[PDB]
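Asks: got the complex split up, this is the first portion:
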Amino acid sequence: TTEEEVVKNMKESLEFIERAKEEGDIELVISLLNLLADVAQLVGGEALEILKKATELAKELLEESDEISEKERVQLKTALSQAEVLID
């Protein structure tokens, strides 16, 4: 792989998170936020900027959604913790 191929995949993941927030697809936000954080922890650099954008959207979903279950809340906040520690 190249870094450019990785950031393209991370960008497409970010776009799906943007739409998943409107859709209420909480599970995919949890899964993609965890996957993006696993990638950015190995890549650093621009991968962390994309993770920062994904983290912002997940935070908003966590605050604005009235559909999120208690199980999804605890998973999403744990994934947020991984991201927040990386983007700090």
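Replies: Yep, it's here. Numbers count the residues shown, from 1 in each chain, chains lettered A, B, ... in the order given.
Asks: any idea how far stretch A:30-40 is from the chain center?
Replies: 6 Å (Cα atoms, centre = their mean, to the nearest Å).
Asks: Give me the buried positions along that stretch.
Replies: By neighbour count, with 16 or more other Cβ atoms under 10 Å as the criterion, the buried positions of stretch A:30-40 are A:30, A:31, A:32, A:33, A:34, A:36, A:37, A:39, A:40. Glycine gets a C-beta too; all of them are placed from N, C-alpha and C.
Asks: And the spatially most central residue of chain A, its phi and psi?
Replies: In chain A, the centroid-proximal residue (Cα atoms, centre = their mean) is residue A:33; its distance is 2.6 Å. Torsion angles at residue A:33 (phi, psi; degrees, to the nearest 10) stand at phi -60, psi -40.
Asks: one step back: among the buried residues of stretch A:30-40, pick out the one closest to residue A:72, please.
Replies: residue A:30 (6.7 Å; Cβ to Cβ).
Asks: What separation is there between that closest one and residue A:61?
Replies: Distance from residue A:30 to residue A:61, counting by Cβ to Cβ, to the nearest Å: 10 Å.
Asks: and what of residue A:82?
Replies: 16 Å.
Asks: likewise residue A:37?
Replies: In terms of Cβ to Cβ, residue A:37 sits 16 Å off from residue A:61.
Asks: same structure, new chain, call it chain B:
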Amino acid sequence: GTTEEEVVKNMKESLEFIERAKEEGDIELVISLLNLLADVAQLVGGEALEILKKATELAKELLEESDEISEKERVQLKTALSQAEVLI
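Replies: Once chain B is put in with the chains from before, the structure reads:
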């Protein structure tokens, strides 16, 4: 700072959800939370690893407590357990 404290606070809530999950048979949730707690604990250390040790003990029991756990679920849980056990 406020980051690490919120992190370990979030991890403690997840610990409680893993316990309920282990009793409802929500093995998927146990797998997901154990992997998320390990991803966080790897970056934080300290009290995060104490919390991970406890979640590992909870997940280890569920392994062979009620044969509701499928073969696919078992291999995923064992792989997640391995991640956590190495960090411990």
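Asks: so the residue nearest to the centre of chain A touches residue A:61, yeah?
Replies: No. Between residue A:33 and residue A:61 there is no contact under Cβ atoms under 8 Å: 9.7 Å.
Asks: which neighbours do the two share?
Replies: Here residue A:33 and residue A:61 share the contacting residues residue A:76, scored by Cβ atoms under 8 Å, 6 or more residues apart in numbering or on different chains.
Asks: Spit out the contact partners of residue A:9.
Replies: residue A:39.
Asks: Quick one: name the residues of chain A near chain B.
Replies: A:30, A:34, A:37-38, A:41, A:70-71, A:74-75, A:77-82, A:84-86, A:88 (Cβ under 8 Å from any Cβ of the partner chain).
Asks: Which of the residues you listed are buried? Put it as a ChimeraX command.
Replies: A single ChimeraX command selects the buried members of those (16 or more other Cβ atoms under 10 Å in any protein chain shown):
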select /A:30,34,37,41,71,74,75,77,78,79,80,81,82,84,85,86
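Asks: Show me the residues of chain A next to chain B that map onto helices.
Replies: A:30, A:34, A:37-38, A:41, A:70-71, A:74-75, A:77-82, A:84-86 (DSSP state H).
Asks: Surely residue A:32 touches residue A:53?
Replies: No. Proximity of residue A:32 to residue A:53 does not meet the contact threshold set by Cβ under 8 Å, at 12.0 Å.
Asks: then add chain C to what we have above:
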Amino acid sequence: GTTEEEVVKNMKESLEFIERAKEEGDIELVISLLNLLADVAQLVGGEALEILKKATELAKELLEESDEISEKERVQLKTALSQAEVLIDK
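Replies: Now chain C, sitting on the chains shown earlier:
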């Protein structure tokens, strides 16, 4: 605690389940196991990285060959592949 042989054992069984999930079209399992393998391989190196390499080749094959993979499954699988491929090069 755990031993490297116990971890390598679990990693080999995961790879067996991945290859089976590839031919059964179980996309979700491949995504979950590929990510779990990369998480473990990051901490152990050695033969863990060789098992990850095999799992990565199988997941690439699944991405190119399968037909009932959803759009959302695809973007998860590509990102998990990115994680694995970066670790293999680290």
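Asks: Could you re-examine the contacts of residue A:9 with chain C now present?
Replies: A:39, C:75, C:78, C:79, C:81, C:82.
Asks: Send me the longest helix seen in chain A as CSV with only the CA atoms.
Replies: When chain A is parsed with DSSP H, its longest helix is helix A:3-23. Extracted C-alpha coordinates of helix A:3-23, given in CSV (Å, rounded to 0.1, in the frame of the first residue of the first chain):
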residue,chain,number,x,y,z
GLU,A,3,-0.1,6.4,2.1
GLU,A,4,-2.2,8.0,-0.6
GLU,A,5,-4.2,4.8,-1.0
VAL,A,6,-4.7,4.7,2.7
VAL,A,7,-5.9,8.3,3.0
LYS,A,8,-8.4,7.7,0.1
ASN,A,9,-9.9,4.8,2.0
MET,A,10,-10.0,6.9,5.2
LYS,A,11,-11.7,9.7,3.3
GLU,A,12,-14.4,7.4,1.9
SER,A,13,-14.9,6.1,5.5
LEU,A,14,-15.3,9.7,6.6
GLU,A,15,-17.9,10.4,3.9
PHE,A,16,-19.9,7.3,5.1
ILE,A,17,-19.7,8.6,8.7
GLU,A,18,-21.1,12.0,7.5
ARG,A,19,-24.1,10.2,5.9
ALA,A,20,-24.4,7.7,8.7
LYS,A,21,-25.0,10.6,11.1
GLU,A,22,-28.0,11.7,9.0
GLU,A,23,-29.2,8.1,8.6
